[PDB]
Every structure is written in structure tokens, then in C-alpha cells.
Amino acid sequence: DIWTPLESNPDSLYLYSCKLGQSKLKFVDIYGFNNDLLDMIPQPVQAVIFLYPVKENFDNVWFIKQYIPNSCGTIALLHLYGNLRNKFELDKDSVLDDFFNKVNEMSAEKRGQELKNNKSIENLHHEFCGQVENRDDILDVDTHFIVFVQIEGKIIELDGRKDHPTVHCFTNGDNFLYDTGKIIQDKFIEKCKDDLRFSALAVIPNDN
């Protein structure tokens with residue numbers, strides 16, 4: 001049971017979200033993590049999605065375990081809209097609204113198993129996945145999506161391969177994008193002993 005990696009292009013992510021039941025949030029490329037470039041990002045930033053190669057009470061954070069290779073794009077969208085549900089509501093009776101209601105009382109483990117059995121999402125996923133010319137486009141699981149969201153003034157990193165969310169530090173609206181950049185630089189970029197070709201996206205409101 002293997003999936004085609006999700007296309008990370010901001011337009012494809014949006015369109016994919018629209019079909020899943022969320023049209024209120026959009027994605028904007030992050031060109032770098034220095035202040036100059038982060039200043040270019042429109043605010044308020046609601047989250048940051050990050051792609052790269054290869055206390056603990058989480059009562060208030062929605063978490064799903066990842067069991068399927070290259071489903072991570074979708075897991076990230078799940079972690080994203082699932083934790084912004086109060087602020088940006090899902091379309092009533094949409095694929096995601098239905099999924100979140102169905103798994104609301106489930107643990108991160110059973111949530112993850114439910115994903116396996118969700119035809120709609122798997123189908124919609126592979127309408128917004130990358131192209132495949134050869135097996136190395138689906139069997140090469142090298143790049144990985146993770147997401148950072150602000151939950152009760154705390155920067156929470158959400159990754160389905162880990163056993164739980166990773167709580168980082170306190171923050172606020174104004175500072176979230178910047179505190180997040182510092183975390184990404186020290187935890188992933190500079191910690192990597194090479195030219196870490198990453199990509200990043202800020203999630204912002206579609207309107208105001």
C-alpha cells in the first residue's frame with residue numbers, strides 16, 4: 001500500500017484543499033528563513049509547511065499517525081486543518097468535515113488506520129499528486145512534509161512518523177513565522193551536514 005508524493009506547488013495544495021472541504025486558507029512560498037525574506041510573507045501566518053529529505057500533554061492538539069509511505073502531504077493537510085478547525089471551519093458534509101467528525105474520539109493510531117480505509121481522500125490525493133514516469137517517482141520516498149501550527153501560544157511541530165507532537169516554545173501572532181524559522185534552521189537546516197534542499201510554505205488567510 002503506497003501513494004504518489006503530493007505535489008507541493010501552492011496552487012495544487014489550495015485546489016486539493018477545496019475538494020477536501022477547506023477553501024479559506026492559502027499557501028505562499030517561503031524563499032528563505034532570514035529576516036529579509038520572512039518579512040515578505042503576508043500576515044497573519046497560521047502555520048508553516050516544511051519539506052525536507054530523508055512538557056508533553058497534547059490534550060488540545062489533533063494528531064494522526066502516518067502509516068502509508070508518501071501520504072505525508074495529506075497527513076500535513078490533516079494536521080493543519082484539524083488544528084485550525086475553530087478558526088477556519090470546514091465545509092459542512094465535506095470529505096474532511098466527515099473524516100474529523102468520524103475520528104474525533106479516536107487515538108492518533110486508530111485515526112491513522114482510518115485514513116487507510118478512506119477512499120475519498122486517497123482518490124482526491126492522487127488527483128493532486130506528482131507525475132510518475134517510472135517506479136522511482138512513487139517508490140522513492142525521500143522528501144517529507146511536516147507542519148508547524150500555533151496552539152495556545154505554543155509552536156507545535158506535527159509529524160506523523162513521530163509518536164507524538166513535538167512542543168517547541170511559546171510565541172505569538174506577530175512572532176510565529178520568525179520563531180518557526182529559527183526552529184527550522186537549528187533543528188533541520190544547519191543540523192544537516194550538506195546543502196539541505198528544503199522547501200517551505202506559509203499558510204495565510206485567503207481573504208480579509
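The first residue of the sequence shown is numbered 1, and numbering continues consecutively from there. Because only heavy atoms are used, hydrogens play no part in the values below, and waters and symmetry mates are left out as well, while side chains stay in.
A side-chain donor-acceptor contact under 3.5 Å links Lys65 to the backbone of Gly160. In this structure a side-chain-to-backbone donor-acceptor pair under 3.5 Å is present from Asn57 to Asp59. Side-chain atoms of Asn70 come within 3.5 Å of backbone N or O of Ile138 as a donor-acceptor pair. Here the side chain of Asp91 pairs no donor or acceptor atom with the backbone of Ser94 at under 3.5 angstrom. Side chain of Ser71 to backbone of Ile68: a donor-acceptor contact under 3.5 angstrom is found.
Note that CD1 of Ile121 and CH2 of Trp3 are 7.0 Å apart. Values are rounded to the nearest 0.5 Å. Taken from CG in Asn206 to CD in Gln22, the straight-line distance is 9.5 Å, to the nearest 0.5 Å. Note that CG of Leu80 and CZ of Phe27 are 5.5 Å apart. Values are rounded to the nearest 0.5 Å. Atoms CG and CG, on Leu139 and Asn134 in that order, are 9.5 Å from each other to the nearest 0.5 Å. For the atom pair CZ (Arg111) and CD (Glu114), the distance works out to 11.5 Å, reported to the nearest 0.5 Å. Within the model, atoms CD of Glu122 and CD of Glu127 stand 11.5 Å from one another, a figure rounded to the nearest 0.5 Å.
Between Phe88 and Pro205, the shortest heavy-atom distance links the atoms CZ-CG, 4.0 Å. Considering all non-hydrogen atoms of both residues, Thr4 and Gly130 come closest at CG2-O, 3.4 Å. Residue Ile41 comes nearest to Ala202 through the heavy atom pair CG2-CB, 3.5 Å, listed as atom of the first residue, atom of the second, then distance. Across all non-hydrogen atoms, the minimal contact from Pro42 to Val28 is CD-CG1, 4.2 Å. Between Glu152 and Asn60, the closest heavy-atom pair is OE2-OD1, 2.7 Å. Residue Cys72 comes nearest to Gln66 through the heavy atom pair CB-OE1, 3.7 Å, listed as atom of the first residue, atom of the second, then distance.
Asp195 places a side-chain heavy atom less than 4.5 Å from the side chain of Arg197. Put simply, the side chain of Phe198 does not reach to within 4.5 Å of the side chain of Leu51, judged on heavy atoms. In this structure, the side chains of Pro10 and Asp29 come closer than 4.5 Å at one or more pairs of heavy atoms.
Classified by interplanar angle (parallel below 30°, tilted 30° to 60°, perpendicular above 60°), the ring pair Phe188/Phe148 is perpendicular.
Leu84 and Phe50 are members of different hydrophobic clusters when ILVMFWY side chains are connected at heavy-atom separations under 4.5 Å. With hydrophobic clusters built from ILVMFWY side chains whose heavy atoms lie under 4.5 angstrom apart, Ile151 does not share a cluster with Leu177. In this structure, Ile30 is a member of the same hydrophobic cluster as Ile189, with clusters built from ILVMFWY side-chain heavy atoms closer than 4.5 Å. Under the 4.5 Å side-chain heavy-atom criterion for grouping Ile, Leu, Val, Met, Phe, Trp and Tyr, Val45 is not connected to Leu13 through any hydrophobic cluster. Tracing side-chain contacts under 4.5 Å through hydrophobic residues (I, L, V, M, F, W, Y), one reaches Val147 starting from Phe100; they form part of the same cluster.
Just one of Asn172, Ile184, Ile155 meets the side-chain contact (heavy atoms from CB on, under 4.5 Å) condition when paired with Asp179; it is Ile155. The residue from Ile146, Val61, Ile75 that alone fulfils the side-chain contact (heavy atoms from CB on, under 4.5 Å) condition with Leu158 is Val61. When the options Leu90, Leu78, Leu124, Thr74 are evaluated for a side-chain contact (heavy atoms from CB on, under 4.5 Å) with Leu20, the one that passes is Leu124. The side-chain contact (heavy atoms from CB on, under 4.5 Å) test with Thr180 is passed by exactly one of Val48, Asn175, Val149: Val48.
Under 3.5 Å, the side chains of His144 and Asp159 contain a donor-acceptor pair of N or O atoms. A donor and an acceptor atom, one from each side chain of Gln113 and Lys116, are located under 3.5 Å apart. No donor-acceptor contact under 3.5 angstrom links the side chains of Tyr178 and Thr171, judged on distance only.
Around the NZ atom of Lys187, the shell of radius 6.0 Å holds more than 12 heavy atoms that belong to other residues, nucleotides or ligands. Atom NZ of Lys102 is surrounded by 12 or fewer heavy atoms from other residues, nucleotides or ligands within 6.0 Å.
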Residues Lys182, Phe33; criterion side chain to side chain contact (heavy atoms under 4.5 Å, CB included); working and verdict
CA-CA 8 Å; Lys182 290 159 182 262; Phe33 287 104; over 6 Å; no
Check against ring-ring contact (aromatic ring centres under 6.0 Å, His included), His79 and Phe63
CA-CA 6 Å; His79 279 135; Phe63 186 62; 5.1 Å; yes
Does the side chain to side chain contact (heavy atoms under 4.5 Å, CB included) test come out yes or no for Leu6 and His125, once each step is laid out?
CA-CA 7 Å; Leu6 232 209; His125 185 104; 3.7 Å; yes
Before giving the answer on side chain to side chain contact (heavy atoms under 4.5 Å, CB included), spell out for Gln43 and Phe176 the whole-Å C-alpha distance, their side-chain angles and the decisive distance to 0.1 Å.
CA-CA 10 Å; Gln43 292 290 345; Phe176 172 73; over 6 Å; no
Decide side chain to side chain contact (heavy atoms under 4.5 Å, CB included) for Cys169 and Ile183; before the verdict, give the C-alpha distance in whole Å, the side-chain angles of both, and the deciding distance to 0.1 Å.
CA-CA 9 Å; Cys169 55; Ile183 289 160; 4.2 Å; yes
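A centroid separation of 6.0 Å or more is found between the aromatic rings of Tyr81 and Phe99.
Cation-pi contact between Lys154 and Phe170: present, with separation from the ring centre below 6.0 Å and deviation from the ring axis of at most 45°.
Classification of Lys24 and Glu89 as a salt-bridged pair fails, no side-chain N sitting under 4.0 Å from a carboxylate O.
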